[PDB]
Structures are given as structure tokens and as C-alpha cells.
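> Sharing a structure below in C-alpha cells format, with a few things to ask.
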Amino acid sequence: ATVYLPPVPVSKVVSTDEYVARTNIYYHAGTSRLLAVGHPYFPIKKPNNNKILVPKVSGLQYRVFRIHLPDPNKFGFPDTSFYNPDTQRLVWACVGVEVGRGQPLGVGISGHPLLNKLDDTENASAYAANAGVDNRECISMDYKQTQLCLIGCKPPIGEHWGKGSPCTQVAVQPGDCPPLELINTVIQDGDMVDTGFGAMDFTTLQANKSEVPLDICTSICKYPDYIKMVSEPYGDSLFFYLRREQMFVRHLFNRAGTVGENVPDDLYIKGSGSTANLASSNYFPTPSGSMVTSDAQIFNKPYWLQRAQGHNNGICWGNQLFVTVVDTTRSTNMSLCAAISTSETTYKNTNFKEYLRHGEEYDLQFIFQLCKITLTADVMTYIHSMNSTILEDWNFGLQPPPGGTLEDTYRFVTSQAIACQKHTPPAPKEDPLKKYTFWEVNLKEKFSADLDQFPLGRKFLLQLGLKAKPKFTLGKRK
Amino acid sequence: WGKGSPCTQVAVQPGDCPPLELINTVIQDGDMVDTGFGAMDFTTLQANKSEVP
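Order-wise, the sequence lines are chains A and B. Note that the numbering used here gives residue 158 to position 158 of the first sequence, counting from 1, and the numbers run on in steps of one. Note that the numbering used here gives residue 505 to position 27 of the second sequence, counting from 1, and the numbers run on in steps of one.
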């Protein structure tokens, strides 16, 4: 059809490793032990202060580790022999990772003493109420078994449903369904996972705001928006992911609440009674995650991240790693109580006062192969267009002007005065990376070279240097 | 997970959940496998001592 495009491009955005050469230098690193021990159901604030007493630590929450890295230039040089800051600049490629997650079993679990339910609609022996009071009961549920992992080098964008423009044109407003508008925004640490009831804010979307667990009520729930994140031709929001999840129907329930929206009335033959009316329609699945299978996991397995998708193919940009882990499969919840006295032979609510905690273990190990990027002036021309501040941070591709004069005017407002001057107003604010909540991970000083002392080093060699030294052991172990 | 020393965050007190503090020690003969509330002492942590078998 007539006559499109035919295309004149005429400049083209290129892949970033076609002039990149690897180096055989290997640095190892790894964390001491990541541990957070919190409350699974809800956060506990102190009863006399604003701040937390026990935070919320559940595996049904996004665990976002913000890994901040230096550059190799800003770090070690073994030997100088082909390295000139002129000819090339150096960049980290983390070529292997281990995500540790060996801990005891438990489940992620949430619940609400005011969880809505009319009757049971998996099967029913009677005819449900037209409206009624106090049809809500203490029910608890997990949202679904959720394993996901994704690794990137820029903050990762999730989708959620926000409260859009209430229409007067489509007549979408409260007293009828609220509006839903799909808004992308960045996912956080302590951001909630998808509830099986859509991934959405429920703070302004729920005007009862006791329909569901309270932890999601106040927070935004998000689903990783995979399709937009790989649409990006740079591919630095993410470059690996996998997931495993399970949700089957534990039982259908009906939400108490009747619609104030129209129902056609040619779809049922009117009866006699209140069976010449339709009762509640607002049916929901209740999620399930009953069967734990700790034989299958997407964890306790290294992630060999030797290359990346996109124009990026194993170069950290922004010198960042963003890793999002949700794991509900082995996430231990523990039970204990404190006694008021063991002399009292009761087991009241104020005697032995029951409790539950959650203990959450992860561990991160790295191995970093060195790389170099040859820079010619045309290569620099693209890299500044890609983000000038790479060239700045390295401090090659910045040599000068700019600028840097003039002038200071004066002469003279000493005396007088206009007023007076003043100087000079320097924040807000760096940094734009940290403008969102994260499990802060400094990695800038744990760089090594050992590979036979870390077990991660030994498994790496088993793939690579060949080396390890292997069996391991084998043959036969079942 | 052992019984911990009292912290600000969580202390060994009525009205307040005890801290869980990690004790590593060698596997005894006849030591139990997990419960599904994990590896912990329950002798001390469960004051009531009637929550689990």
C-alpha cells in the first residue's frame, strides 16, 4: 500500500560487543550471609513510636537487591601492558552468580480476620442472600506459590492497576466499578506480589478496604511487565529471567456485596419470591499453594550469566545489578509463644501468647570476568549518545572545553548589594538510582581472585577451566 | 534457630515474640528432622510446649 515507507533510517543503534574483547582475569566475590527475620502476615510497628518493631519479611513480597558496583578502572590493575586509558576503558561482566536459598521449609502465608465471603459457590445446597451484614470471617490464604527471578542492570518496571480517570463518558465511577488504568512504574523491595486477583493498588481501588489482607491493602501489587522490558532494544532493564508458579482452585466463594451495575433480565425466567431477583455475582477463586515440592526449585543453582540479550551482551551499564527474587517455597515461618506465667494452667489469649515469625535466608556469590572495550572516536560518538555520563564517570571522552567562563557580575555589588549574592544552591539531589526502596547491597570491596575456597569458584571451573577438580561424586549417588 | 538474647527489635519478654538466633551444632544421633516450622529448638521457644508433638 501506497507508498510506505520506503525507509531512510539514516543512523542506526548498534550492539555493544562487537569490539569488546575479554580478558582471562577473574575476580571472585560473595556475601557473608543474607538474613532478615521478620513477621510474615503483617508488619509490626512499635506501640509507643512510629518505627517498625518487627518489619514484614515474607517470601510473597518482592525482594529487590540493589547491587552497586564500581568499575575496574576505579579498582585493581594487575599489570599494565596494553592498557592505556586512551586505547580502552574497563568494565565489569559478572560471568557467574550463585543464588543460595538452602534453608528449612515453610510457606509464605498472609490472612485477614475480616476476609469477605458470602456463601461457598464451588458447590452450594442453598440459594445465596440478596444483601446482608457481617459476611466476612477469619480466613487466611497464600496468594499463590511464587518463584521468579530476573536479573538486570537498570531498575525494573512492573505493571499494576491504578485508579484511572473516572469517566462521565463511559460512566465508570464509584457506585459502579471504579476505573482501572494500567500504569507502569518501578518495582520496589517490600512491594507486594500479584494476589491472583490481579496485580493492582488496592489502597484507592478498594473503598471498603477490608476485602483482602491488609498488607496488600496499603501497598501496590505489581506483576513484572515482561513484554515491555524485552521490547527495549538495549535490553538493560532485564536480560535473564525464569519463573515457576502454581495456583489451582482451592474452592470458589462468592464475594458478599451486590453490584450497583445493570444486569439484563432476559437471561433468567422470573420466578416468585426473591428468586425473581439475582443474588450476588462477584465470584472469586481462592488461590492455592498446598503442595510444596522441594525436589524442583529454580534455586540453589548457579546462574551462569556469561552474556546478556539486547545491544548489551555482558557489560554492566550504570555499573548496577538489580536482582528480584521471590521465593515462597522454602521460606520458613516459625512458631513459638511467650508465657505470662507457666503457673497459670490455662492457655488463654493473654496467657501463652502465641506468635509466628518468618526467617528468610538468601546468599549471593559472584565471579567476575574482566573485559575491555576498545574506543575509537566513532565508538565514543555512539557511547555519549547512549549516555554521556559513562564517558564522564570513566573520565575519558570528557577532555575539554567545557567551558568554563564567564562572568561574575559585579563589579561591584559589595556594597551594594542585590542581595548578597548569595551562593550557591547545591542540592536537591543526586542520586536518581536511589529514589526507590531497596535491599541495599554494596559490592566494591569483596573482589578476590580465589576459586578453590569458594564452592562457587569450584563449580565455575567445572564449566570453564576444566578444572574443579571433578567427579564430584558420581558415578552413582542414588 | 535458638533462643536469643534480648534485642530492641524483639526480646524475650511476654507480649513480645523472642528473638531467633542461629545456633550451629553437630547432628546428634536421633536428633529430629524439621517439622515444617523448620529447624529450631522447641524446648525453650515454645513455653506452652503443647503446640507441636
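Here a beta-carbon is modelled for each residue, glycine too, at the ideal position from N, C-alpha and C.
Please report how far the alpha carbon of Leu180 of chain A lies from the alpha carbon of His251 of chain A, in whole angstroms.
Whole-angstrom Cα-Cα distance: 27 Å.
> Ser210 of chain A to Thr332 of chain A, Cα distance in whole Å?
Using only the alpha carbons, I get a separation of about 27 Å.
> For the stretch 88–110 of chain A, which residues have a beta carbon sitting closer than 7 Å to at least one beta carbon of chain B?
Here the close residues are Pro104, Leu105 and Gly106.
> Our contact map puts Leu118 of chain A next to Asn135 of chain A with C-beta atoms below 8 Å; I'd like the distance itself, whole angstroms only.
About 5 Å; that satisfies the 8 Å criterion.
> First and last residue of the alpha helix (DSSP H) that includes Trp394 of chain A?
Counting along the chain, the alpha helix (DSSP H) containing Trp394 of chain A begins and ends at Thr389 to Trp394.
> With DSSP as the reference, please indicate the residues paired to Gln88 of chain A in a beta bridge.
Its beta-bridge partners are A:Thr374.
> Note down, in chain order, every chain A residue with its Cβ under 7 Å from the Cβ of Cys485 of chain B.
Within chain A, no residue comes near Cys485 of chain B; the closest Cβ sits about 10 Å away, beyond 7 Å.
> Tell me which residues share the same chain as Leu321 of chain A and place their Cβ nearer than 7 Å to its Cβ, disregarding the 5 neighbours each side in the sequence.
Correct list, in chain order: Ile67, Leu69, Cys94, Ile151 and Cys153.
> Using a Cβ cut-off of 8 Å (strictly closer), state whether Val504 of chain B contacts chain A.
So no, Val504 of chain B is outside the interface.
> Once the 5 residues before and after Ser448 of chain A are set aside, which same chain residues still bring their CB inside 7 Å of it?
Around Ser448 of chain A: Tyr27, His28 and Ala29.
> I need the straight-line Cα distance from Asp120 of chain A to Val54 of chain A, nearest angstrom please.
Spanning the two alpha carbons is a distance of roughly 36 Å.
> Have a look at the DSSP bridge pairing and note the partners of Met334 of chain A.
DSSP, once it has assigned bridges, lists A:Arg357 as partnering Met334 of chain A.
> May I ask you to list, following chain order, the residues of the stretch 333–351 of chain A that have a beta carbon less than 7 Å from some beta carbon of chain B?
Per Cβ criterion, the list reads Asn333, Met334, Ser335, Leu336, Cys337, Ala338, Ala339, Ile340, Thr342 and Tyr347.
> With 7 Å as the C-beta to C-beta threshold (strictly closer), list the residues of the stretch 354–365 of chain A near chain B in chain order.
Under the 7 Å Cβ criterion, the stretch 354–365 of chain A contributes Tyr355, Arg357 and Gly359.
> Can you tell me the Cα-Cα spacing of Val37 of chain A and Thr374 of chain A, whole angstroms?
Taking the straight line from one Cα to the other gives about 46 Å.
> Go ahead and label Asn116 of chain A buried or exposed: buried means 16 or more other beta carbons lie within 10 angstroms of its beta carbon, across all protein chains shown.
Counting Cβ neighbours within 10 Å, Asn116 of chain A comes out buried, since at least 16 surround it.
> The beta strand (DSSP E) with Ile227 of chain A in it runs from where to where?
Element bounds for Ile227 of chain A: not the beta strand (DSSP E) but the alpha helix (DSSP H), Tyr226 to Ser231.
> What are the residues in the stretch 302–329 of chain A lying within 7 Å of chain B by C-beta distance?
Answer in chain order: no residues at all.
> How should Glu360 of chain A be labelled, buried or exposed, when 16 other C-beta atoms within 10 angstroms of its C-beta is the threshold for buried?
Buried, since its Cβ has 16 or more Cβ neighbours within 10 Å.
> Looking at C-alpha atoms only, which residue of A:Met386, A:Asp201 and A:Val325 is the closest neighbour of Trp317 of chain A?
When only C-alpha atoms are compared, the closest one is A:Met386.
> Name the residues in the stretch 43–66 of chain A whose C-beta lies less than 7 Å from a C-beta of chain B; which are they?
Those would be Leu53 and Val54, in chain order.
> Counting only runs that start and end within the stretch 124–169 of chain A, where is the beta strand (DSSP E) found for 3 or more residues in a row?
Segments of the beta strand (DSSP E) lying fully in the stretch 124–169 of chain A: 136–141, 145–152 and 157–162.
> On a CA-only basis, which of A:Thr329, A:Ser280, A:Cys371 and A:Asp295 is nearest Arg307 of chain A? Give me that one, please.
The shortest Cα separation from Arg307 of chain A among A:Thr329, A:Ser280, A:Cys371 and A:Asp295 belongs to A:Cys371.
> Per DSSP, what are the beta-bridge partners of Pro302 of chain A in this structure?
Answer is A:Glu98, bridged to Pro302 of chain A.
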